[PDB]
Amino acid sequence: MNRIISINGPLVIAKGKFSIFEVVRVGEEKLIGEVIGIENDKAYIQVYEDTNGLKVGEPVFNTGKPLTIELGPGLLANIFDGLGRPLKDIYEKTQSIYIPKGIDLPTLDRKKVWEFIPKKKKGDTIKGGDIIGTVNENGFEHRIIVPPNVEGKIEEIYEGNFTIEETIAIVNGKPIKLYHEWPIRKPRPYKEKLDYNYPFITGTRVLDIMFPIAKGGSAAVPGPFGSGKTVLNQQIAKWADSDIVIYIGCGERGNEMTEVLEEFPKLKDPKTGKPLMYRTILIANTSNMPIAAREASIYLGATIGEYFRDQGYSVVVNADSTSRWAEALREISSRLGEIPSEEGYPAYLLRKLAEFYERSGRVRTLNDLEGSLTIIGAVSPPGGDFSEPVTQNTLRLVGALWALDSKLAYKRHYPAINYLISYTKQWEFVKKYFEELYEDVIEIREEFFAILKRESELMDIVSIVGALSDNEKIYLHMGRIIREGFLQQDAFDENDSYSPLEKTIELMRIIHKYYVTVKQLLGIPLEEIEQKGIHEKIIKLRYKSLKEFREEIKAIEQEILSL
Amino acid sequence: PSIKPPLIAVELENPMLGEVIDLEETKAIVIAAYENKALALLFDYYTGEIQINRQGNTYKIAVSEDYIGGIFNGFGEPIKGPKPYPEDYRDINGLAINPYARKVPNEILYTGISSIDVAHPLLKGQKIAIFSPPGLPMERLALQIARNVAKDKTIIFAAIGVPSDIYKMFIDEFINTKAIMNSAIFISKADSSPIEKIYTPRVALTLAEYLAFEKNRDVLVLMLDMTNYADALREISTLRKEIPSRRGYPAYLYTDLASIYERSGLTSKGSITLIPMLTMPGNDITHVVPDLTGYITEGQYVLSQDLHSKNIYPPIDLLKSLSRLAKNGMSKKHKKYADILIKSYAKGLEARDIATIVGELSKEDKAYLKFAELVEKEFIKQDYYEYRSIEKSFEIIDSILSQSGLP
Amino acid sequence: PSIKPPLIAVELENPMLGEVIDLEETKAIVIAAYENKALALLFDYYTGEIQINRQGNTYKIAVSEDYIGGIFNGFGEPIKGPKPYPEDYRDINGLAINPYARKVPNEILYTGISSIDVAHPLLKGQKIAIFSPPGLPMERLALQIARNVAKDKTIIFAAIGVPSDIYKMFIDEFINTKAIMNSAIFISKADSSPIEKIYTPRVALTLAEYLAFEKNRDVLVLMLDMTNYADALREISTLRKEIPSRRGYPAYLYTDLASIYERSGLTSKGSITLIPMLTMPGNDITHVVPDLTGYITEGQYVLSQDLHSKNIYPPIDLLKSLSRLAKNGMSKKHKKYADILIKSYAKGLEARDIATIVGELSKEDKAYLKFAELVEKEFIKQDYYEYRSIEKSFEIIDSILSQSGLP
Ligand SMILES: Nc1ncnc2c1ncn2[C@@H]1O[C@H](COP(=O)(O)OP(=O)(O)O)[C@@H](O)[C@H]1O
Ligand SMILES: [Mg+2]
Ligand SMILES: [Mg+2]
Ligand SMILES: [Mg+2]
Ligand SMILES: [Mg+2]
Ligand SMILES: [Mg+2]
Ligand SMILES: [Mg+2]
Ligand SMILES: [Mg+2]
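Parameters at a glance
Residues numbered from 1 in each chain as written, not as in the entry; some residues may be left out. Chains lettered and ligands numbered in written order. Part of a larger assembly, values for the part shown. Heavy atoms only, no water. Residues with missing side-chain atoms left out of burial classes, pairs and counts. UniProt positions renumbered as here; feature names shortened; annotations may be inferred. Helix = DSSP H or I, 4+ residues; strand = E, 2+ residues; numbered from the N terminus. Buried < 20%, exposed > 50% of the residue type's maximum accessible area, 1.4 Å probe, protein only. Contact = heavy atoms within 4.5 Å. Polar contact = N/O pair within 3.5 Å; in protein donor to acceptor, adjacent residues only side chain to side chain. Pairing = 2+ DSSP bridges. Domains from an automatic or database assignment. Buried area = accessible area lost by both parts, 1.4 Å probe. Salt bridge = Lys/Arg side-chain N within 4 Å of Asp/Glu carboxyl O. Nonpolar A, V, L, I, M, F, W, Y, C, P; charged D, E, K, R; others polar. Near = heavy atom within 4 Å. Areas by Shrake-Rupley, 256 points an atom, 1.4 Å probe, with all protein chains shown as cover.

Per the deposited record, the coordinates in this entry were obtained by X-ray crystallography to a resolution of 2.000 Å.

Right, dumping it as structure tokens:
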């Protein structure tokens, strides 16, 4: 009955009867689509697959359901596409290296056998979001939370080994599974937003001390191509203090998803000793995969993030890159013949971005536990111009700017964080933590910022001889030490890749200790101080084991003999 | 009919511009009308079909003192719970104030902040904006001002599309300072319909005009962020098939912003003191939003990335900032101090510029150089919880002048 | 009906998007379809009336090893003479590779070029672009690379709208180096239909995927010029009444470029190494074409007008250039040399900048200054017919370090 009357890129127009946001199946090959607009008897459909070869003489099928994701055991340590289709299973079914158009598989493995341990008894009353039991998912305690809409008395509840489609309990005559479906465009409910409490520790020094955010916060990472967004996000995905990590590859390179698949199983969590992959979920919609599925991948990853948050866990979502999602919005808007706003983007760009970032936050869950969803969004401004709409809109939504800089990347200073332009609006919520466990880090942080700023002021004068007084040269000296010994961090060195707080704090302390000594000694020249070569030893510290780092610090502390 | 949220296209006999229409689970505002064709903007998420009940009027709110102590959305509907008394209903657009009926502001509201009080004081009934680069503590500045100038006044806070972290920062401070019971808060979320966003400052100012000019009160209105407001206006302007201007913003942006900012001022009966806050997109004051706002408000407090990087709070640029009506409220002594501060700081900054050349030039120019350094360190720099009397601010200036070698 | 070459407007019962239609003396591709209206792009010059035969399918080519040793147009049709075996027909758009099925490139392909091999080595299966200002020897660089990394591999050359001088330069070098028999060449002329231009890289990569992933070969693909490709895409986008983006280029330019560049890589069975070449219009790397390409390829070799003016071939900017996957293939020794070269050259360039001031500054900074001079003269500068082993490149660095006074 329903028929296509037009095909324009990812946009299909069909005559028939439809509902807004209904998932439809387009053409004889039944491509997944979603109704985004209705005008009388016509429906405007964005198709999540390639539309080349589609015909005006073709049917469109109703489903009567919105776009959903299966939430349960089977997500962890696996890679999915923008629609939640498992790429490993696609490979195995097709026996091909290519992604076919129109393939439909269930998200969660239907044959894997799980062990369910109940936490409720028969006759217990249950409400939405309650933990009905737990499943061990390769070392992770997956909490089976009942859907927000289920409530009543447990008439039956089982225990033991089950697959995903099997009934594990019965409430008010309704079967409960190990999984439930949820519309990705719909934010998952909670009880109340909580105050920030605790810093988000990344394992990257510049992000942990200089511009930290709180757990449940959000940050933007804009930069030109080659500035280091992807590596920075992967570093966070590797070492972040978090229960669950969700990496969304939104419109980026296929090899970068493959890289994670290759490396994460070899790496060990510094907090559990378990391999990183077991806490990681990968969502991949590469640059050449269907453009509309980029939007799906963003809402999908957020929804899964909320799901683990609802279990009372801390979650981080890395989105690389949000600009590709913006391109998808612009393309859909263009086909719809909507009037473009600034830079060709639709006028509702800010509102759409907000639908993503407003999902972040620390909350009291429906089951009265505390959970957090932290969101890191990479941005890819054209030509590295930060004044563009995606970057600027994002800055009015997030809690920090982690700005990447061409000039630093140029000279291989990584992370290429611009320490003058970057900011965090959440230092007031995390300074408590650092004060308690490390008294002098607040002063030293201010000191680092003061030196980097002063060095910056001096480099313009330097373009008139490099003639400066010793009281000025000391800022270039200390600035170099902070940049090369603290801010810089090699993601691909076995010792420097991860920086625990102990190492981070100790580095700050030895730099500060060197600083107070050098200042006292101004009134012997700086030329004679630098000759001792203590600065070069400090700079090399970050490359050392840990039980070589501590030894070298002891060695440096004595060598700071101003006697 | 047509649906693409938040927009619906609908057939109506004799459509009224601005007309409120009831649907099953929601309302809409008619934003366009030709013959029997209408375009409407949904109040919120809607998916049902579009059976229509026409109210036969534009959007109005019941005005009373019931709002005081409460939290509401952009439409003036209660979030916390209890509805205010229906009715005494008022057009939320209101009317232009007759300039014959106005009184020019002439009474300084002391903030306790030196960088404001001396050279750029806020006057009762004045409208003055805060311009900020992204990331700078504009919110802390507004709260510190509100804490000191509204001890006796009703505070109305309009949150326009800001994230929860931001509006909760305000709410929590109002609660901790016990100002919450004498405040009315209107919030439109960042992902809300654009119609709710642009109505937010209108319902807040409709209440403000009622409280100030009917109940004879002095009122303080804070609103943030005007850049989000302009974005919502552009969204609506683009849904209407309007011919876009600079950066997609509607041609009437100045006039629309004015229809908000000019709903402030002083009369014989009461006053509305208005502080609109905005983020300057690329830290560019020439961007259309801060530029048009500059042409309307009676001055602005401009925050500085440079001062922020020097760990100076509040990071106020003394020279880019301006209070147009300031002179109306200043004594001859106050005028003298403001002039000496502004002129000497400016000369100090010029001397600073060439100091990245001659290094360290004239004796006279070494005195101004030091003055500017001390102004930033001892005068501008001030704690978030610190209140300085105007006399204390003068004393600091006197002390700095001596340290510098200037008279 | 309508004709304005290369565009025809035509009436079809149930049009198929991308459908190939036969005319008397030529073919066309349906690029738009609403109800029974279609827009089509002619393959070539046509003037006759528009009786239509519908193939009922999108454009496909017969895949085989028959292309090897031959020269073809953008549609894959033979220029030299003999047609390849029909069929085994494949959609020229192909399919996205499953990232689960990929292997990350980790094997260095040595070019023999020091400015590439040390700091920015090319890996097998990598996609890496060459960005050039107009006039610079980008073609010589690509040929020198192809000469050394494809001695054992099939070379596929896609010429997209380049003048005859350019594509004949490639053909003649392949002939003189005896690489022509193990090469497949696809050429669309500068004045050809835009549909032939955008199909050129698609038919070339369809063959490449067949050879690499079905016949288990390592393949090298060279394509030039991507700026001409984007121009053809814009031409088609504008013929469709699409809403233009920056500089008239279509909004989906990134996605379309990616649909080409990402058809490369490494698997257990074989590899496609891809080198797209483009001219940066006003020598501006921030122009939309090099900028989007930069966001997609796994690095780029950037040519420098400054080095060219100093008579340096190849004029590679060591610092603007990048190989993203380089570290995957480098030994610890190789990593050490790359780091020392990049960091010291950069410091040398900074010292050079201030040398137009202090003239000739620090002893340490005089050593870096000399290092950068010698890097350009003895390391980067290299003959078009010269091959340097990686060991030889390391030796040069060692020698320069000594001459400079650095360790
Ligand atoms: N912390 C780091 N340590 C070492 N190398 C880095 C680091 N960050 C970035 N890089 C290097 O910089 C290059 C670009 O990084 P990438 O994340 O791909 O940039 P983007 O995603 O911004 O285009 C890569 O080759 C990578 O090896
Ligand atoms: Mg496996
Ligand atoms: Mg990247
Ligand atoms: Mg978290
Ligand atoms: Mg009434
Ligand atoms: Mg009225
Ligand atoms: Mg066949
Ligand atoms: Mg095929």
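What follows continues from the structure just given.
1. Quick word on the UniProt feature "binding site: ATP" in chain A
Residues and elements named next belong to chain A. What UniProt calls "binding site: ATP" maps, in this numbering, to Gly223, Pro224, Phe225, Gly226, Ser227, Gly228, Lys229 and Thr230. By secondary structure assignment, the location of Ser227 is in the loop between β19 (218–222) and α3 (229–239). Residue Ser227 is classed as buried on the basis of its relative accessible area, which comes to 2%. When neighbours within four sequence positions are excluded, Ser227 is seen to be in contact with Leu404, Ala409, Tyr414 and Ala416. Of note is the side chain of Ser227, whose polar atom sits 2.8 Å from the backbone oxygen of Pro224. Relative to the helices and strands, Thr230 resides in helix α3. Its relative accessible area of 14% is what places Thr230 among the buried residues. Those residues within four positions of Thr230 in sequence are excluded, and the remaining contacts are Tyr247, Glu256 and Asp320.

2. Examining the sheet that holds strand β13 (residues 152–157) of chain A
Residues and elements named next belong to chain A. Reading across the sheet, the four strands line up as β10-β13-β15-β16 and stay open at both edges, with antiparallel pairing between neighbours. Pairing within the sheet leaves two strands with one partner each, and these edge strands are β10 (125–126) and β16 (174–176). Where β13 and strand β15 (residues 169–171) come together, three bridges link them in antiparallel fashion. Paired with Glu156 across the bridge in β15 is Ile170.

3. Let's talk about the domain arrangement of chain A
All names here are of chain A. For chain A, the assigned domains read domain 1 (1–67), domain 2 (68–111 + 177–424), domain 3 (112–176) and domain 4 (425–563). Taking only C-alpha atoms into account, the centre of domain 2 sits 29 Å from that of domain 3. Listed by partner, the interface residues are 30 residues for domain 2 and 30 residues for domain 3. When the two sides are added together, the surface that domain 2 and domain 3 hide from each other amounts to roughly 2600 Å², 62% of it contributed by carbon and sulfur. Considering only the side of domain 2, the residues that lose the most area to domain 3 are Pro73, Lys177 and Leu178, jointly responsible for 30% of the buried surface there. At the boundary of domain 2 with domain 3, the tally comes to two salt bridges. The closest approach of N and O atoms between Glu165 and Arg110, which form a salt bridge, is 3.7 Å. Our count for the domain 2 to domain 3 interface comes out at 14 residue pairs in polar contact. Taken together, the elements giving at least two residues each to the side of domain 2 that touches domain 3 come down to β17 (180–183) and α5 (293–309). In the side of domain 2 that touches domain 3, the residues fall into 15 nonpolar, six polar and nine charged.

4. Some details on the interface of chain A and chain B
Counting from both sides, the interface comprises 38 residues of chain A and, opposite them, 47 residues of chain B. In the side of chain A that touches chain B, the residues fall into 17 nonpolar, eight polar and 13 charged. Sheet topology places strand β4 (residues 31–39) of chain A next to strand β1 (residues 2–4) of chain B; two bridges connect them, and they run antiparallel. Each bridged residue has a counterpart across the sheet, and for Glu39 of chain A the counterpart in β1 of chain B is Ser2 of chain B.

5. Concerning the site of ligand 1
Around ligand 1 sit 15 residues, and of these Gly226, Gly228, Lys229 and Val231 of chain A together with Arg324 of chain C come closest. Chains contributing residues to the immediate surroundings of ligand 1 are chains A and C. A distance of 3.0 Å separates an oxygen atom of ligand 1 from a polar atom in the side chain of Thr230 of chain A. The side chain of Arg324 of chain C places a nitrogen or oxygen atom 2.7 Å from an oxygen atom of ligand 1. The protein chains hide 89% of the 560 Å² of surface that ligand 1 would expose on its own. For the shell around ligand 1, the element with the highest residue contribution is α3 of chain A, accounting for three residues. Here the shell around ligand 1 is composed, by residue class, of seven nonpolar, five polar and three charged. Built from parts of two domains, the shell around ligand 1 gets at least three residues from each of domain 2 (68–111 + 177–424) and domain 4 (425–563) of chain A.

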